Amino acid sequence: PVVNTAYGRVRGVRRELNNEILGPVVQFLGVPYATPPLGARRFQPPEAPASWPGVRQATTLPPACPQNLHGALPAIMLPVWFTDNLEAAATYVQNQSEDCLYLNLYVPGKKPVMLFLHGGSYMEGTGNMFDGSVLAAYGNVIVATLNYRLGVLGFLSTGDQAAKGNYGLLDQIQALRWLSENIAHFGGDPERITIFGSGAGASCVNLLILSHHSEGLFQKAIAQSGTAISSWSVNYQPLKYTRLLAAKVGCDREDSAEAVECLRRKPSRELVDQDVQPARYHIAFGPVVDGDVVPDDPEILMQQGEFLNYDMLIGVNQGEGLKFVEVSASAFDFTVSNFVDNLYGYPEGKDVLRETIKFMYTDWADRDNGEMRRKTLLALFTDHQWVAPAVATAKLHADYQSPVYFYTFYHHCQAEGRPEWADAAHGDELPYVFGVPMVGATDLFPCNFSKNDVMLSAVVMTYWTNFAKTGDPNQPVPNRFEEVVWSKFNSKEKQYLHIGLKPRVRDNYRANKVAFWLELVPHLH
């Protein structure tokens, strides 16, 4: 299983899946797609990788980028399965080196390509957690999982020319170029490339939709519970947190090029172990508005129509922000108070906004018990952070004749502390996207999978791969989903597909709440 590329020759490894219907796949774990950003190339864009004359043996998972899961994790914005199973996640990142710019391919006549941008919170994670072999063997698609520079080493910016930032996004663009001029060797199609991600990875997806550097690299995009307009999507105070971190590692020099200069000397171990606390519901190191890879504010870019007509498949889960609620009336008042003060910049009129928000999210048929208060808090965070930005993005893109397909994931997976009667939290759609029910519960996703889980997983995998092929999620390959036509999404009808055990297509999801946050809350202040 050796294939030559424009750089070198790579030896893969064929493995059989834990499923009697799914055959074998060929895996290429750890092919380099960019020169290691080690010395001068730290805090620098990624250039083309080197060339090796022999055969590099990419039969083992490459190292993850420098992380720190010891203490102070962003449990609010992290996937729930990640926060619950920190051990089964930490086993995936025992090998960390700054030389982490590699990727992994999963291959079953030009097959489509599907690269997965893993998310979380821009400071952790790895593509090694996602075994795309099942999705590949089911979908007749090649599945790619890369590793982009994280946190400090990936998004440190000064707002100046010393550190423009967005280095991880540039690594993703470099992997897109690599696949554009190297997947043909693997029999793949550079003209049917689709990127998909969850959480912060989906934020990166929308960002690359708005970027110029991804002009000819991919055609379709899938945002799963992630957007470029949410509070934690983009960093708008890069120099602030960069100067805090610099002050932590004895690197506070009033010249940005000199502070960046000493920062390139300090070892990655002593940089990733520093914990720069950001503002509530924000990030300290992430994508920034460099004026280059992100030309301007993503919301301004989407309102002015300054983007290309990629095919977008957006969607949200029912109960994202499960970690946000884990209620007293006083506690309700307090968390709404911090909500308004943090997400709206301590605005004059915070009393009006706070009281009308507490009113809007209070079922008055019973205003006594705290169970309902918990439900309305869950709906509060779920609406403001995920549902409203998703509907706004799908609307703005669909207005300029971009084909958009919207989904709402309602059925989740049953685990300990996650009963099947509760809501589908953040990140619970990934097990069905990566065919986890069809190969057994891994230690990271310890779910009591039932036949319904397997069949639903096959349905959503069918939708996603069909979208990667033809741009319509239900056209190549069509037992609850009977003749359900996942209709398009436009600002008129706003139709979405309700994915779950009982599926249907509905016309306006949370229209009153979405119109509340979008069209009324701004005028308040």
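So that there is no doubt, residue numbering starts at 1 and follows the sequence shown.
Pick one of none, 1 to 3, 4 to 9 or 10 or more for the number of deposited-sequence residues not modelled between residue 478 and residue 479. Unresolved stretch here: 10 or more residues.
Report, from the record, the number of residues in the deposited sequence between residue 326 and residue 327 that have no coordinates, as none, 1 to 3, 4 to 9, or 10 or more. Unmodelled stretch: 4 to 9 residues.
On mean Cα temperature factor in this entry, is 293 to 301 or 227 to 235 the higher one? Taking the mean C-alpha B-factor of 293 to 301 and of 227 to 235, the larger value falls to 293 to 301.
Per the PDB record, is the mean Cα temperature factor higher over 469 to 477 or over 490 to 498? Per the PDB record, 469 to 477.
Go through 333, 124, 363, 189 one by one and give the residue whose Cα B-factor in the PDB entry is largest. Answer for 333, 124, 363, 189: 189, with the highest C-alpha B-factor.
Report the option among 351, 255, 341, 320 whose CA atom has the maximum B-factor in the deposited record. So the option with the highest C-alpha B-factor is 255.
Check where residue 515 lands among this chain's C-alpha B-factors and tell me if it's the lowest, middle or highest third. Residue 515: CA B-factor falls in the lowest third of its chain.
Considering every modelled residue of the chain and its Cα B-factor in the PDB entry, is residue 268 in the lowest, middle or highest third? Residue 268: CA B-factor falls in the middle third of its chain.
Using the B-factor values recorded in the entry, state whether the Cα atom of residue 81 falls in the lowest, middle or highest third among the modelled residues of its chain. Middle third - that is where residue 81 ends up once the chain's C-alpha B-factors are sorted.
Going by what the PDB entry lists, where does residue 54 fall on CA B-factor within its chain: lowest, middle or highest third? Answer is highest: the recorded C-alpha B-factor places it there.
If you rank the chain by CA B-factor, which third does residue 95 end up in: lowest, middle or highest? Middle third - that is where residue 95 ends up once the chain's C-alpha B-factors are sorted.
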